[PDB]
Amino acid sequence: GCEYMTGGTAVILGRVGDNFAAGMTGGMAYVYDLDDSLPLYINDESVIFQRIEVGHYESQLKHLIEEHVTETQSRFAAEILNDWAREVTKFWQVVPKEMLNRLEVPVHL
Amino acid sequence: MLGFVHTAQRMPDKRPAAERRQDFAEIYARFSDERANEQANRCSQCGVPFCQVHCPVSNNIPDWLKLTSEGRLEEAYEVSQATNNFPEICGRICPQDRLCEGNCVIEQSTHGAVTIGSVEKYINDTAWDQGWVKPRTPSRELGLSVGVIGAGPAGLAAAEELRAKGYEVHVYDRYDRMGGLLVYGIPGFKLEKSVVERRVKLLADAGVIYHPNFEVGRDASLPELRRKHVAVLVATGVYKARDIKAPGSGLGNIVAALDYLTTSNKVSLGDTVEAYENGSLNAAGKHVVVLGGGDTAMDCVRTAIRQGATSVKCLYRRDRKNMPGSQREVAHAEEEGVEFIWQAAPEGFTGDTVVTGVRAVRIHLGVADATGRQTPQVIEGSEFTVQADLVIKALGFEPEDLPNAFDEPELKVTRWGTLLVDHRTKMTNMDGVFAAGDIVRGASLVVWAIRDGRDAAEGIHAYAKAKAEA
Ligand SMILES: Cc1cc2nc3c(=O)[nH]c(=O)nc-3n(C[C@H](O)[C@H](O)[C@H](O)COP(=O)(O)OP(=O)(O)OC[C@H]3O[C@@H](n4cnc5c(N)ncnc54)[C@H](O)[C@@H]3O)c2cc1C
Ligand code: SF4
Ligand code: SF4
């Protein structure tokens with residue numbers, strides 16, 4: 001998934017495949033992991049996986065999932081949204097190794 | 001006579017919490033006459049009245065609404081009582097914010113609900129206050145023996161209707177003061193003990209014979225009852241309890257809600273029992289905890305704050321919105337000075353044969369599924385202890401044991417324990433035995449018992465005449 005992605009946003013809820021984010025250059029991704037099995041799948045050549053700490057990205061992901069559940073009337077997304085405070089920590093954030101210094105928002109504290 | 005465009009809604013009266021926390025008197029004083037003319041005029045006489053559809057007894061509201069708006073209280077009272085027995089108490093007890101005053105089209109338009117309950121109460125008190133009230137004796141008394149088990153609202157309504165029909169009915173119950181649990185269960189803080197004694201006096205005036213202080217489960221048996229009479233109607237009501245078996249339960253200073261309520265309110269109104277000062281059902285000014293979320297818990301915390309000064313809390317597993325009681329009741333309770341805990345459940349009763357505290361957890365409710373249920377899940381994040389010496393186990397009711405224990409090896413019931421009746425005739429599995437009240441449906445309201453009692457009386461009359469045709 002997201003092979004050679006260059007820009008945009010891709011929110012993924014659930015298990016990921018193998019070799020996820022292979023050759024990623026730009027953009028930003030979010031993954032809703034449940035068993036910490038992501039490090040055994042993602043390719044760590046040019047990307048890094050971390051946790052969300054800044055309130056800005058938290059709010060962005062919140063608004064994206066809110067619009068998604070408003071659009072498709074999906075019950076699982078609503079179950080995620082109602083438990084936002086608990087389930088916010090399970091999310092992994094995947095960021096390329098090129099936007100570490102070019103991002104307008106500091107990705108790291 | 002629409003009116004609601006310009007005039008604004010306003011309840012009759014509300015005594016502040018300064019003097020209310022002490023006495024047992026009502027909270028709502030009676031309704032004013034100019035206010036009667038003004039607020040009754042407020043309705044819109046809405047075609048296709050939704051207020052009638054949602055009312056479980058389906059009485060013709062807009063008729064007497066317009067009448068009282070114009071006066072003519074005599075025919076107004078006549079058309080008001082022609083359809084619904086026990087008008088005062090049914091009007092004052094109905095959770096109107098969800099039954100009738102919760103669907104008036106003016107309320108859906110956010111203008112406010114027509115104060116239908118207060119109009120019913122007022123039109124039925126003024127009518128009695130000037131002697132425009134008489135019993136209903138049957139002309140050309142046919143003469144037959146019929147029996148009713150249980151003096152609840154359903155039994156009393158069926159008895160009054162059958163006495164108006166031309167029969168001779170006998171009322172069997174377990175208590176000395178007739179009138180169902182109205183005189184024992186419902187607190188006087190919300191229903192004073194004058195209207196009930198007045199209405200039961202009117203009943204006895206019509207020519208009904210009471211069998212007070214009996215126990216049909218012990219004093220006699222259903223075959224003897226049926227042999228003495230021509231038809232019997234079982235309306236014994238529900239009186240069992242559901243308790244918990246948490247670690248450290250069953251020890252001292254725990255009790256059910258019903259007994260504490262009945263003694264420490266009604267028998268203390270009569271000043272007879274000693275358990276108010278002998279038993280632990282007193283004003284232990286330390287603390288009080290109440291489990292459950294039904295209306296029983298609400299009246300329990302109300303009467304706990306009334307009886308003596310204490311600091312009380314309430315524990316309930318669901319959320320505020322799914323609570324079955326009236327949201328005006330919880331508002332009054334919060335005004336009195338009670339503290340609520342939402343979405344929590346008790347897991348342990350810590351003590352040394354005396355309850356020192358309660359260990360509870362916090363649960364969470366997911367999103368409702370297709371059927372509409374919200375599954376609960378414990379969190380484990382915050383399991384806390386709350387300090388108190390007495391907890392009240394108000395967890396509702398459920399059908400007792402009726403078939404085997406009470407009288408009859410031949411009596412069909414469902415898995416719920418409640419029995420079954422026909423949607424048309426209300427006749428049970430056994431002939432000559434009809435049912436009504438809360439036995440058939442479970443824990444329900446008063447007006448439902450009234451409707452079931454009326455239907456049961458009609459079916460009883462029909463079946464009796466059909467059998468006597470031979
Ligand atoms: C605002 C509001 C508040 C309420 N508060 C409460 C509350 O605090 N507690 C509560 O329990 N309900 C409460 N209810 C529910 C309501 O009181 C009942 O659902 C209703 O009164 C049922 O009456 P019934 O006609 O079925 O007879 P019931 O009131 O159920 O009683 C049947 C009658 O049979 C008698 N009886 C019992 N056992 C026997 C026997 N073995 N032999 C002969 N007779 C017997 C009883 O004494 C009673 O007179 C409330 C309802 C409302 C609307
Ligand atoms: S309850 Fe609604 S429909 Fe009925 S008379 Fe009042 S305003 Fe009209
Ligand atoms: S108190 Fe009962 S009868 Fe009167 S309007 Fe409300 S639901 Fe109808």
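All positions are counted from 1 along the displayed chain.
When the header is checked for method, it gives electron microscopy, 3.9 Å.
Every residue gets a Cβ built from N, Cα and C, even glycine.
As recorded in Swiss-Prot, the features of this protein are as follows:
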{"type": "DOMAIN", "residues": "B:34-67", "note": "domain '4Fe-4S ferredoxin-type'"}
{"type": "BINDING", "residues": "B:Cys90, B:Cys94, B:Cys100, B:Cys104", "note": "[4Fe-4S] cluster binding site"}
*CB neighbours of B:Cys90 ([4Fe-4S] cluster binding site) within 10 A?*
24
*Counting other CB atoms within 10 A of each CB, which of the binding-site residues B:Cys94, B:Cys100 comes out lowest?*
B:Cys94
*Using DSSP, what's the helix, strand and coil tally for the domain '4Fe-4S ferredoxin-type' (B:34-67)?*
19 helix, 0 strand, 15 coil
*Out of the binding-site residues B:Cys90, B:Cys94, B:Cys104, which are near chain A, with a C-beta less than 8 A away from one of its C-betas?*
none
*Which state, by DSSP, holds B:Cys104 ([4Fe-4S] cluster binding site): helix, strand or coil?*
coil
*Filter the candidate list B:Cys90, B:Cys94, B:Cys100, B:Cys104 of binding-site residues, keeping only entries whose CB is under 6 Å from an atom of ligand 2.*
B:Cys104
*Relative to the Cβ position of B:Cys104 ([4Fe-4S] cluster binding site), how many further Cβ atoms are located within 10 Å?*
26
